[PDB]
Amino acid sequence: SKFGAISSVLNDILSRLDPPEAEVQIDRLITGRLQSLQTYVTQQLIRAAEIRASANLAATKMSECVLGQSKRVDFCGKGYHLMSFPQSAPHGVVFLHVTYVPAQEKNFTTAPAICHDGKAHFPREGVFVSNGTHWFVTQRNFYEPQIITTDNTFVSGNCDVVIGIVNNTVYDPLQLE
Amino acid sequence: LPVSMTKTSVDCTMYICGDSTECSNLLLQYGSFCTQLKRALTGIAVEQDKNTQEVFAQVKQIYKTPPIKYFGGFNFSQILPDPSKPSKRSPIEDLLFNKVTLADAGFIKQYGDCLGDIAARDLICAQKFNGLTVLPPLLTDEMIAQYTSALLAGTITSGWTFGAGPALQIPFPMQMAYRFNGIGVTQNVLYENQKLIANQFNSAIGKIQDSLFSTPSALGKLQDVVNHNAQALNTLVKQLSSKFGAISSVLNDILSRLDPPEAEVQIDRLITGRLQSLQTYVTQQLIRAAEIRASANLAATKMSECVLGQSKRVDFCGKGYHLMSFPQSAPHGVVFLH
Amino acid sequence: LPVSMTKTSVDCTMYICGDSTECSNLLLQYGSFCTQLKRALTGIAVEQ
Amino acid sequence: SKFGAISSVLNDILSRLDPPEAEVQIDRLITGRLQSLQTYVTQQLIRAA
Amino acid sequence: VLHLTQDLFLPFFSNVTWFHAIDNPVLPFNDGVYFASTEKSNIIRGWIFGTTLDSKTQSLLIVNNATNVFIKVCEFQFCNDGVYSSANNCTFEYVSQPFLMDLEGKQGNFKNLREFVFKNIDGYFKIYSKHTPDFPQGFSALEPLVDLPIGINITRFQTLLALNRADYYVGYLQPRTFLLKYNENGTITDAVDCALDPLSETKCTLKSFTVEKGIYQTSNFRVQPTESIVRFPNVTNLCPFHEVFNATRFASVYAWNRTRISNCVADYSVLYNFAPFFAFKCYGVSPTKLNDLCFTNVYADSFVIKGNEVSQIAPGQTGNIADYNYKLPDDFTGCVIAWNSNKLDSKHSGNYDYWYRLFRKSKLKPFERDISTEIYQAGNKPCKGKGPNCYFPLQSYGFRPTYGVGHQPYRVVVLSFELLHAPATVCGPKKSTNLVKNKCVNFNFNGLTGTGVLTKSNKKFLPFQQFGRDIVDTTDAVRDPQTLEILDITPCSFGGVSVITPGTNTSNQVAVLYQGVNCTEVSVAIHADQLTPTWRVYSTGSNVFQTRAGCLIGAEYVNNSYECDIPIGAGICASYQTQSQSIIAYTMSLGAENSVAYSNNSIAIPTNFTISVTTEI
Ligand SMILES: *[C@@H]1O[C@H](CO)[C@@H](O[C@@H]2O[C@H](CO)[C@@H](O)[C@H](O)[C@@H]2O)[C@H](O)[C@H]1NC(C)=O
Ligand SMILES: *[C@@H]1O[C@H](CO)[C@@H](O[C@@H]2O[C@H](CO)[C@@H](O)[C@H](O)[C@@H]2O)[C@H](O)[C@H]1NC(C)=O
Ligand SMILES: *[C@@H]1O[C@H](CO)[C@@H](O[C@@H]2O[C@H](CO)[C@@H](O)[C@H](O)[C@@H]2O)[C@H](O)[C@H]1NC(C)=O
Ligand SMILES: *[C@@H]1O[C@H](CO)[C@@H](O[C@@H]2O[C@H](CO)[C@@H](O)[C@H](O)[C@@H]2O)[C@H](O)[C@H]1NC(C)=O
Ligand SMILES: *[C@@H]1O[C@H](CO)[C@@H](O[C@@H]2O[C@H](CO)[C@@H](O)[C@H](O)[C@@H]2O)[C@H](O)[C@H]1NC(C)=O
Ligand SMILES: *[C@@H]1O[C@H](CO)[C@@H](O)[C@H](O)[C@H]1NC(C)=O
Ligand SMILES: *[C@@H]1O[C@H](CO)[C@@H](O)[C@H](O)[C@H]1NC(C)=O
Ligand SMILES: *[C@@H]1O[C@H](CO)[C@@H](O)[C@H](O)[C@H]1NC(C)=O
Ligand SMILES: *[C@@H]1O[C@H](CO)[C@@H](O)[C@H](O)[C@H]1NC(C)=O
Ligand SMILES: *[C@@H]1O[C@H](CO)[C@@H](O)[C@H](O)[C@H]1NC(C)=O
Ligand SMILES: *[C@@H]1O[C@H](CO)[C@@H](O)[C@H](O)[C@H]1NC(C)=O
Ligand SMILES: *[C@@H]1O[C@H](CO)[C@@H](O)[C@H](O)[C@H]1NC(C)=O
Ligand SMILES: *[C@@H]1O[C@H](CO)[C@@H](O)[C@H](O)[C@H]1NC(C)=O
Ligand SMILES: *[C@@H]1O[C@H](CO)[C@@H](O)[C@H](O)[C@H]1NC(C)=O
Ligand SMILES: *[C@@H]1O[C@H](CO)[C@@H](O)[C@H](O)[C@H]1NC(C)=O
């Protein structure tokens, strides 16, 4: 680009004008070519910062998901995280997140606490679920129907302050033996 | 949290040489100098659209609130959409949209009333006079509210299961009992003080509205964005009337009073000066765009973790032990209710 | 970990024109190429 | 640094040359000293982030 | 490579005027002429050029025969049919290989098309020819033939004929950006014009031949003004310049007579007539295009002065006169005039009337008069008189009819103009048009040249007001200099064109969006042919849509909802969807609508599970 001068070739512009008049010319060509380089450097700095941010994120993701199990949601993939594997790519890295996703679900029935005899019983972990006729206990993320027992429930309450309460009987493996 | 800023499409030749063929020809001598500027501005606009998408479009299926609103005694009417309002926005959304003033809406097609301004034409018309525009966002302020409502209705009827797999419904008292159990205190305490917890929830939700109403400016973070984006464009146009070393700031007068070579020397002084002032604005916009994208990445992470689940990391989702979080849309930003 | 840096408060008029009225007047012809600089420095200081 | 002018000090430039002739050289020095400052400000802005 | 050139070329799909031969009209010449001819063996000889085709302006001949050409730059007179009858000032002959190559495969069916294109950029006439054995649509390159420095004002283009016992295809080239596909061997295989279609302009910008699906922002449109209205001051008073330039007693430099020029129309042709220019150097204003200006006040100082002091007087000079008699401002917006006057300041026996200063206590500030008689002090004596150590300030400007060139009584008069933001009282002679409203028209209000849509305004313009602006200091309302009414000034029309297209591997249709402007404005102007874009997309009536993000032409509106494909703006997306295929505009669908079944005592808990492996880069 001429940048507003006689020519863009230095050996050409010199021989066709006297030195200082051609210098008035060479100084314009210089003050240009310098702006181009300055713009290049600034843009490279901005892209370098944007790349460094992603590199930091990739290092964190490697340490967290690859070297352990993470509880943060949607961090290491969609679903409940299990594990991940790294793969190298040109100028980058590729993660293979393994996640656990639930499946076919069925509406049953539910209740806050079961009142056997004036006392509210609560599941130690999981939910109270009813087939429709009988009451049971189970986990959260998988349905496995377990007979109601004194070891799967803990007692604290008075059967008069919880709303939605229902009636049924809770069994114990201690009175039988 | 800010999420995005205004999109701008500044134009080289119109800004620098108003419909002057000689000035355009002399600009052409600098090579591909402002094609870089146009590419940078296009990148900025695409980045803003991607930011808003990442923050808000976290759910593939939009849900709907149950027709009745009795979630175990908890009062929620301040956050779910109000059917009576034409815009279908919650009262908290309405206060937020009324407490922020935008200098340039963009989606106005103002062109056509500038002649009918009667009074002195405003800043928008002035910027339209010399080749600078503002593009409208792809996602309107109305469907952002729809996304927020879907996120809100997913939380209070299905827990956090809708954020991982299929949406499984569960009563709100039991969901709150599980959230209680997650922080290390048993569920029986909630099943004892259900009335107290509901009353405290309602009181806090009520008083947050008064706190936002009466405060002078609690939305300063969102307002600074529009303030800076306007006070940059103003100084870009106020610099169209600086001599830069020539004899006048009027290109027509320069080229209606002088002939070939002298017109040349003065037009060149003005081209160099107005090509700088233009190149300085793009770098500032690039740095500001990087800042806003970092702020949007933070907002996306906070939404995903606090809203679609319960977080254990301290002081991330608000001061204290975390239970819930509710999103609300704001102009060029998002607002969390921890 | 670094937390903050040094706050500078440069000024264009004294920097480019050592107490010279003529150089100040010539600088005045370039428009607002000084207010932006001062605003940037002030923002950096408040940010620190 | 002369920046293409005749002297790097703005004291003899206005003792060697009458205002208009000095202005020619004074404008050279001023554009140059207005850049250095712009570069400083831009690098500081980038380093702050 | 896909090297894109901005060069003089014939337009694509352009209109070639086909002729026939069984009388050889003259064709105008402007920015090159394309030529084509399909003939059996030969019916066309060559081409003549020049201006007026007479023995007064230089011409050219490319007349050909069996074995060579006859390139010559001559000034022939006429032939009216041995194709010329004058060779007086005729040199620069040239001989090379003949322009026509004819080959037949034992049959005349190989009718070769002989293309020719010429141009005279900075002289240097170039010729290009190629022979390919209504009009074929296959690409054929045009190998350059000869390139020699003609350097004549070529204005008229003609052609010859032959003798004997369906051709003449003439095109006209204009500067158009082209993009040419260079084959790996170095030939050219495909070319696209960048002023033909939206799709051609898109591929031209990205300099490629395949355009991926998406929306590309390419150029900007503007409504070109219909008319040009000029409003210059009601009066048409010629300035008293005549009185200034031909007085008989022009005051000398010491007391520079300053006259006032105001409330007049400034025509300087009379200035040209009343000036045997010998030194008309100008700095603040140029003298050629000077009558297109509206000056507020004009200052007309005249002083007779020597020949070298004519060079002395200039903005910011030095000397016995430039520093002690008449110093011009450094930022002088105005010019000086000097012509020799040896008939009015000269007489026999001498003439010592004039005076000049070489003795002043300090420098004379610009535009100041120091008429005074005070003897300069030398040393420390308070002496008041003439002689040694007591010098009289003024000296005689002695003039006689016999001097040298640098010592003649040169008559100098200066003009000072104030071309600033102020109500001008002195303008140039023009015809003031009428006023057209609600229509983009070039305006020339008292020298404030610009383009904009005018209208009536309900402003409260004070009696002393003339203009109005914003905090951005751009002129907004300019008081009609005649109808004393307030007139808003809009930027006519300025926007941006974006082209929505599916991949060219799929289809070639396009749709055009005019950014930030409503289509009622552009539908009027496209019908009146005033748009800067020449590419003209179809408008059936079913394909117009007012989006909040602009206004879209060429796509239909379908109310259905889909996942976004090509984001346009303001919640509108367009896509290529089967009807059998076309381009439609629809609204975004946020997601598959779903509703949950919340109840007081209902829970759904999963019975099974799946294992999914995702990826992240
Ligand atoms: C209640 O839950 C019971 C699970 O123990 C289901 O009863 C089963 O019934 C079969 C015979 O029909 C028994 O052989 C078996 O031992 C088991 O008890 C019962 O289907 C379920 N009821 C409903 C309505 O889901
Ligand atoms: C579960 O069964 C309890 C008896 O074992 C019920 O308590 C009774 O409540 C009635 C009033 O509703 C009293 O009149 C009676 O004396 C006894 O206290 C209890 O109501 C019942 N709950 C449900 C939900 O069925
Ligand atoms: C939930 O909380 C709402 C507060 O926004 C209650 O609305 C109030 O309704 C009263 C009149 O009933 C108004 O005077 C008041 O300004 C406010 O709008 C709403 O009643 C309440 N509902 C429930 C079921 O708790
Ligand atoms: C310069 O000389 C001019 C010509 O004498 C003066 O202009 C004219 O002077 C005549 C004198 O009869 C007036 O009648 C006429 O109206 C016009 O003014 C001019 O005044 C004079 N100026 C100076 C500053 O000397
Ligand atoms: C849980 O879901 C699995 C698939 O997601 C089921 O496995 C399938 O088993 C069938 C045969 O039973 C295969 O044909 C199929 O390819 C797949 O392996 C699995 O049976 C299912 N289990 C339950 C209890 O529903
Ligand atoms: C349970 O029944 C309700 C009643 O309509 C239904 O809406 C819901 O989808 C069901 N849940 C299942 C089948 O998992
Ligand atoms: C040019 O040709 C095309 C069609 O051949 C069309 O635009 C029009 O008929 C022609 N224009 C003329 C003859 O002015
Ligand atoms: C064509 O004209 C040239 C110029 O006189 C001559 O040298 C040549 O022999 C001619 N060719 C013919 C007559 O075939
Ligand atoms: C022939 O014409 C050229 C073209 O301008 C001219 O320069 C030259 O003087 C002419 N030769 C004469 C007049 O003898
Ligand atoms: C005619 O050609 C000469 C050759 O250089 C050129 O100087 C001149 O300007 C041309 N005529 C016009 C009117 O431009
Ligand atoms: C003064 O005016 C007369 C009018 O007849 C004109 O002929 C004459 O040329 C003028 N004087 C000069 C010096 O032009
Ligand atoms: C100027 O002339 C126009 C046209 O004759 C007339 O309508 C208008 O009133 C005049 N303006 C003034 C201020 O005299
Ligand atoms: C475009 O649409 C109509 C018709 O032209 C009118 O409102 C106005 O001209 C434009 N719209 C706006 C909001 O200015
Ligand atoms: C179909 O589109 C028209 C406008 O194009 C709209 O008025 C109408 O409501 C739409 N119908 C449906 C069912 O969306
Ligand atoms: C839940 O119980 C409350 C209070 O008894 C009642 O108002 C509401 O209608 C019930 N909802 C359903 C879905 O049964």
# chains A, B, ... in the order shown; residues from 1 in each chain; ligands from 1
>>> residues_near_ligand(ligand="ligand 2", cutoff="8 Å", atoms="only C-alpha atoms and all ligand atoms", output="list in words")
residues 115, 116, 117, 118, 164, 165, 166, 167 and 168 of chain A
>>> select_by_dssp(residues="stretch 266-336 of chain B", states="strand (DSSP E or B)", output="list in words")
residues 326, 327, 328, 329, 330, 333, 334, 335 and 336 of chain B
>>> select_by_dssp(residues="chain C", states="alpha helix (DSSP H)", output="ChimeraX atom specification")
/C:12-16,21-28,35-47
>>> residues_near_ligand(ligand="ligand 4", cutoff="10 Å", atoms="only C-alpha atoms and all ligand atoms", output="PyMOL selection string")
chain E and resi 240+243-251+255-260+300-303+369
>>> residues_around(residues="stretch 2-8 of chain D", least_positions_apart="5", cutoff="8 Å", atoms="only C-alpha atoms", output="ChimeraX atom specification")
/D:13,25,28-29,32
>>> write_last_selection(atoms="C-alpha atoms", output="JSON list (two decimals), in the first residue's frame")
[["chain", "number", "residue", "atom", "x", "y", "z"],
["D", 13, "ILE", "CA", 12.55, 25.06, 18.85],
["D", 25, "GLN", "CA", 8.30, 21.17, 13.89],
["D", 28, "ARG", "CA", 5.85, 16.78, 14.51],
["D", 29, "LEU", "CA", 6.95, 16.52, 18.12],
["D", 32, "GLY", "CA", 4.82, 11.74, 18.26]]
>>> residues_near_ligand(ligand="ligand 15", cutoff="10 Å", atoms="only C-alpha atoms and all ligand atoms", output="number ranges by chain")
A: 163-164; B: 66-73, 171; E: 597-602
>>> write_last_selection(atoms="N, CA and C atoms", output="PDB file, in the first residue's frame")
ATOM      1  N   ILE A 163     -48.216 -32.200  58.271  1.00  0.00           N
ATOM      2  CA  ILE A 163     -49.367 -32.215  57.377  1.00  0.00           C
ATOM      3  C   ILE A 163     -49.117 -33.210  56.252  1.00  0.00           C
ATOM      4  N   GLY A 164     -50.199 -33.791  55.738  1.00  0.00           N
ATOM      5  CA  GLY A 164     -50.107 -34.860  54.767  1.00  0.00           C
ATOM      6  C   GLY A 164     -49.804 -36.220  55.352  1.00  0.00           C
TER       7      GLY A 164
ATOM      8  N   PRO B  66     -48.454 -24.967  37.585  1.00  0.00           N
ATOM      9  CA  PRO B  66     -49.780 -25.544  37.779  1.00  0.00           C
ATOM     10  C   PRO B  66     -50.823 -24.461  37.886  1.00  0.00           C
ATOM     11  N   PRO B  67     -52.057 -24.732  37.447  1.00  0.00           N
ATOM     12  CA  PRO B  67     -53.091 -23.682  37.469  1.00  0.00           C
ATOM     13  C   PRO B  67     -53.371 -23.135  38.856  1.00  0.00           C
ATOM     14  N   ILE B  68     -53.334 -23.977  39.879  1.00  0.00           N
ATOM     15  CA  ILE B  68     -53.505 -23.534  41.257  1.00  0.00           C
ATOM     16  C   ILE B  68     -52.134 -23.236  41.845  1.00  0.00           C
ATOM     17  N   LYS B  69     -52.097 -22.322  42.812  1.00  0.00           N
ATOM     18  CA  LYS B  69     -50.849 -21.915  43.452  1.00  0.00           C
ATOM     19  C   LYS B  69     -51.018 -22.059  44.961  1.00  0.00           C
ATOM     20  N   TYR B  70     -50.795 -23.275  45.460  1.00  0.00           N
ATOM     21  CA  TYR B  70     -50.730 -23.548  46.897  1.00  0.00           C
ATOM     22  C   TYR B  70     -49.637 -24.597  47.090  1.00  0.00           C
ATOM     23  N   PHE B  71     -48.414 -24.128  47.317  1.00  0.00           N
ATOM     24  CA  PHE B  71     -47.263 -25.011  47.489  1.00  0.00           C
ATOM     25  C   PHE B  71     -46.928 -25.151  48.973  1.00  0.00           C
ATOM     26  N   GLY B  72     -47.862 -25.756  49.702  1.00  0.00           N
ATOM     27  CA  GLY B  72     -47.632 -26.041  51.105  1.00  0.00           C
ATOM     28  C   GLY B  72     -47.674 -24.838  52.015  1.00  0.00           C
ATOM     29  N   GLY B  73     -48.219 -23.719  51.548  1.00  0.00           N
ATOM     30  CA  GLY B  73     -48.279 -22.496  52.317  1.00  0.00           C
ATOM     31  C   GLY B  73     -47.255 -21.459  51.917  1.00  0.00           C
ATOM     32  N   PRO B 171     -43.718 -33.103  46.053  1.00  0.00           N
ATOM     33  CA  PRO B 171     -44.289 -31.975  46.802  1.00  0.00           C
ATOM     34  C   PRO B 171     -43.224 -31.022  47.330  1.00  0.00           C
TER      35      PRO B 171
ATOM     36  N   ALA E 597     -46.986 -32.384  36.259  1.00  0.00           N
ATOM     37  CA  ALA E 597     -48.217 -32.825  36.915  1.00  0.00           C
ATOM     38  C   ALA E 597     -48.157 -32.694  38.431  1.00  0.00           C
ATOM     39  N   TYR E 598     -47.636 -31.581  38.946  1.00  0.00           N
ATOM     40  CA  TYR E 598     -47.427 -31.432  40.383  1.00  0.00           C
ATOM     41  C   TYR E 598     -48.718 -31.651  41.161  1.00  0.00           C
ATOM     42  N   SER E 599     -48.604 -32.365  42.280  1.00  0.00           N
ATOM     43  CA  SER E 599     -49.738 -32.644  43.149  1.00  0.00           C
ATOM     44  C   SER E 599     -49.265 -32.636  44.595  1.00  0.00           C
ATOM     45  N   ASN E 600     -50.205 -32.887  45.509  1.00  0.00           N
ATOM     46  CA  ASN E 600     -49.889 -32.826  46.934  1.00  0.00           C
ATOM     47  C   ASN E 600     -49.117 -34.054  47.398  1.00  0.00           C
ATOM     48  N   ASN E 601     -49.433 -35.229  46.847  1.00  0.00           N
ATOM     49  CA  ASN E 601     -48.811 -36.473  47.285  1.00  0.00           C
ATOM     50  C   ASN E 601     -48.449 -37.384  46.118  1.00  0.00           C
ATOM     51  N   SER E 602     -47.837 -36.846  45.071  1.00  0.00           N
ATOM     52  CA  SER E 602     -47.435 -37.625  43.910  1.00  0.00           C
ATOM     53  C   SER E 602     -45.927 -37.522  43.728  1.00  0.00           C
TER      54      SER E 602
END
>>> interface_residues(of="chain A", to="chain D", cutoff="10 Å", atoms="only C-alpha atoms", output="list in words")
residues 24, 27, 38, 42, 45, 46 and 49 of chain A
>>> write_last_selection(atoms="N, CA, C and O atoms", output="CSV table (one decimal), in the first residue's frame")
chain,number,residue,atom,x,y,z
A,24,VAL,N,11.1,12.9,2.9
A,24,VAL,CA,9.7,13.3,3.2
A,24,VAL,C,8.8,12.1,2.8
A,24,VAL,O,7.8,11.8,3.5
A,27,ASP,N,9.8,8.9,5.1
A,27,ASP,CA,9.2,9.0,6.4
A,27,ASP,C,7.7,8.7,6.4
A,27,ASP,O,7.2,8.1,7.4
A,38,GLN,N,1.8,-2.2,15.0
A,38,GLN,CA,1.2,-2.0,16.3
A,38,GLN,C,-0.2,-2.6,16.4
A,38,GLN,O,-0.5,-3.2,17.4
A,42,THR,N,-1.3,-5.6,19.2
A,42,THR,CA,-2.4,-5.4,20.1
A,42,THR,C,-3.5,-6.5,20.0
A,42,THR,O,-3.9,-7.1,21.0
A,45,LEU,N,-2.2,-9.7,21.5
A,45,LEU,CA,-2.4,-9.6,23.0
A,45,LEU,C,-3.8,-10.0,23.4
A,45,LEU,O,-4.0,-10.8,24.4
A,46,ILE,N,-4.8,-9.4,22.8
A,46,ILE,CA,-6.2,-9.7,23.2
A,46,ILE,C,-6.5,-11.1,23.0
A,46,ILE,O,-7.1,-11.8,23.9
A,49,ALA,N,-4.9,-13.3,25.7
A,49,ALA,CA,-5.7,-13.3,27.0
A,49,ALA,C,-6.9,-14.2,26.9
A,49,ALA,O,-7.2,-15.0,27.8
>>> closest_atom_pairs(of="chain B", to="chain A", cutoff="6 Å", atoms="only C-alpha atoms", output="CSV")
residue,atom,partner,partner_atom,distance
B:29,CA,A:3,CA,5.8
B:30,CA,A:3,CA,5.3
B:31,CA,A:1,CA,5.9
B:164,CA,A:79,CA,4.5
B:165,CA,A:101,CA,6.0
B:191,CA,A:162,CA,5.5
B:305,CA,A:73,CA,5.8
>>> write_last_selection(atoms="N, CA and C atoms", output="PDB file, in the first residue's frame")
ATOM      1  N   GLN B  29      -6.436   4.210  -0.411  1.00  0.00           N
ATOM      2  CA  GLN B  29      -4.986   4.073  -0.475  1.00  0.00           C
ATOM      3  C   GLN B  29      -4.377   3.459   0.779  1.00  0.00           C
ATOM      4  N   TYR B  30      -5.106   3.412   1.889  1.00  0.00           N
ATOM      5  CA  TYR B  30      -4.584   2.858   3.130  1.00  0.00           C
ATOM      6  C   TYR B  30      -4.746   1.347   3.210  1.00  0.00           C
ATOM      7  N   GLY B  31      -5.302   0.725   2.177  1.00  0.00           N
ATOM      8  CA  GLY B  31      -5.453  -0.713   2.174  1.00  0.00           C
ATOM      9  C   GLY B  31      -6.622  -1.172   3.031  1.00  0.00           C
ATOM     10  N   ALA B 164     -31.016 -32.511  35.521  1.00  0.00           N
ATOM     11  CA  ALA B 164     -30.136 -33.635  35.232  1.00  0.00           C
ATOM     12  C   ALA B 164     -30.722 -34.565  34.179  1.00  0.00           C
ATOM     13  N   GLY B 165     -31.962 -35.007  34.356  1.00  0.00           N
ATOM     14  CA  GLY B 165     -32.607 -35.865  33.394  1.00  0.00           C
ATOM     15  C   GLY B 165     -34.055 -35.485  33.169  1.00  0.00           C
ATOM     16  N   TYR B 191     -40.490 -30.446  59.384  1.00  0.00           N
ATOM     17  CA  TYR B 191     -41.849 -30.928  59.589  1.00  0.00           C
ATOM     18  C   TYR B 191     -42.453 -30.441  60.899  1.00  0.00           C
ATOM     19  N   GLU B 305     -25.414 -23.872  38.724  1.00  0.00           N
ATOM     20  CA  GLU B 305     -25.119 -24.506  40.006  1.00  0.00           C
ATOM     21  C   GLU B 305     -26.155 -24.180  41.081  1.00  0.00           C
TER      22      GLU B 305
END
>>> interface_residues(of="chain D", to="chain E", cutoff="9 Å", atoms="only C-alpha atoms", output="MDAnalysis selection string")
chainID D and resid 18:21
>>> write_last_selection(atoms="N, CA and C atoms", output="PDB file, in the first residue's frame")
ATOM      1  N   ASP D  18      10.507  31.174  14.330  1.00  0.00           N
ATOM      2  CA  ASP D  18       9.303  31.992  14.640  1.00  0.00           C
ATOM      3  C   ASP D  18       8.101  31.052  14.792  1.00  0.00           C
ATOM      4  N   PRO D  19       7.028  31.435  15.518  1.00  0.00           N
ATOM      5  CA  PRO D  19       5.897  30.527  15.774  1.00  0.00           C
ATOM      6  C   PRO D  19       5.461  29.669  14.572  1.00  0.00           C
ATOM      7  N   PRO D  20       5.151  30.216  13.372  1.00  0.00           N
ATOM      8  CA  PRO D  20       4.654  29.384  12.267  1.00  0.00           C
ATOM      9  C   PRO D  20       5.681  28.318  11.856  1.00  0.00           C
ATOM     10  N   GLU D  21       6.936  28.725  11.649  1.00  0.00           N
ATOM     11  CA  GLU D  21       8.006  27.763  11.269  1.00  0.00           C
ATOM     12  C   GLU D  21       8.206  26.765  12.413  1.00  0.00           C
TER      13      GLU D  21
END
>>> residues_near_ligand(ligand="ligand 12", cutoff="6 Å", atoms="only C-alpha atoms and all ligand atoms", output="PyMOL selection string")
chain E and resi 234+482-483
>>> write_last_selection(atoms="C-alpha atoms", output="PDB file, in the first residue's frame")
ATOM      1  CA  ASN E 234     -32.375  36.801  -2.193  1.00  0.00           C
ATOM      2  CA  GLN E 482     -35.780  33.218   1.956  1.00  0.00           C
ATOM      3  CA  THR E 483     -38.949  31.751   3.583  1.00  0.00           C
TER       4      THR E 483
END
>>> residues_near_ligand(ligand="ligand 1", cutoff="12 Å", atoms="only C-alpha atoms and all ligand atoms", output="compact mmCIF listing (two decimals) with N, CA, C and O atoms, in the first residue's frame")
# COMPACT_ATOMS: atom_id res chain seq x y z
N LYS A 106 -42.25 -43.92 37.09
CA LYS A 106 -43.66 -44.19 37.34
C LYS A 106 -44.14 -43.45 38.58
O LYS A 106 -43.51 -43.52 39.64
N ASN A 107 -45.26 -42.75 38.43
CA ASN A 107 -45.90 -42.05 39.54
C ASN A 107 -46.47 -43.06 40.54
O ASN A 107 -47.16 -44.00 40.15
N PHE A 108 -46.16 -42.90 41.83
CA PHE A 108 -46.78 -43.84 42.76
C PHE A 108 -47.74 -43.23 43.77
O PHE A 108 -48.96 -43.30 43.60
N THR A 109 -47.18 -42.58 44.79
CA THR A 109 -47.87 -41.95 45.91
C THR A 109 -46.77 -41.53 46.88
O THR A 109 -45.65 -42.06 46.77
N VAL A 129 -42.68 -44.34 49.69
CA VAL A 129 -43.42 -44.55 48.46
C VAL A 129 -44.46 -45.63 48.72
O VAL A 129 -44.27 -46.52 49.55
N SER A 130 -45.59 -45.52 48.03
CA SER A 130 -46.67 -46.49 48.12
C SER A 130 -47.01 -46.99 46.73
O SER A 130 -47.24 -46.19 45.82
N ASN A 131 -47.03 -48.31 46.57
CA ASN A 131 -47.50 -48.92 45.33
C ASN A 131 -48.87 -48.38 44.95
O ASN A 131 -49.16 -48.16 43.77
N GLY A 132 -49.71 -48.16 45.95
CA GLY A 132 -51.11 -47.84 45.78
C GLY A 132 -51.92 -48.50 46.88
O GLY A 132 -53.04 -48.07 47.18
N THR A 133 -51.36 -49.54 47.49
CA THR A 133 -52.05 -50.26 48.55
C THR A 133 -51.15 -50.50 49.77
O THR A 133 -51.64 -50.53 50.91
N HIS A 134 -49.84 -50.61 49.56
CA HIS A 134 -48.88 -50.90 50.63
C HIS A 134 -47.82 -49.81 50.68
O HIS A 134 -47.51 -49.20 49.65
N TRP A 135 -47.27 -49.58 51.87
CA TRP A 135 -46.21 -48.59 52.02
C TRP A 135 -44.84 -49.24 52.12
O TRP A 135 -44.68 -50.33 52.67
N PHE A 136 -43.84 -48.54 51.58
CA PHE A 136 -42.49 -49.07 51.46
C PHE A 136 -41.49 -47.94 51.66
O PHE A 136 -41.86 -46.81 51.98
N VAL A 137 -40.22 -48.26 51.47
CA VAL A 137 -39.14 -47.27 51.42
C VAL A 137 -38.31 -47.56 50.18
O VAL A 137 -38.36 -48.65 49.60
N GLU A 144 -36.14 -49.32 44.27
CA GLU A 144 -35.95 -50.67 44.79
C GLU A 144 -36.82 -50.80 46.03
O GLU A 144 -36.61 -50.12 47.03
N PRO A 145 -37.84 -51.65 45.97
CA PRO A 145 -38.86 -51.65 47.00
C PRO A 145 -38.48 -52.47 48.23
O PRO A 145 -38.38 -53.70 48.19
N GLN A 146 -38.34 -51.78 49.36
CA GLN A 146 -37.78 -52.35 50.57
C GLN A 146 -38.84 -52.35 51.66
O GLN A 146 -39.59 -51.39 51.82
N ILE A 147 -38.90 -53.46 52.41
CA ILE A 147 -39.91 -53.60 53.44
C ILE A 147 -39.60 -52.62 54.56
O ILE A 147 -38.44 -52.46 54.96
N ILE A 148 -40.64 -51.96 55.07
CA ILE A 148 -40.44 -50.92 56.08
C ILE A 148 -39.95 -51.55 57.37
O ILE A 148 -40.51 -52.54 57.87
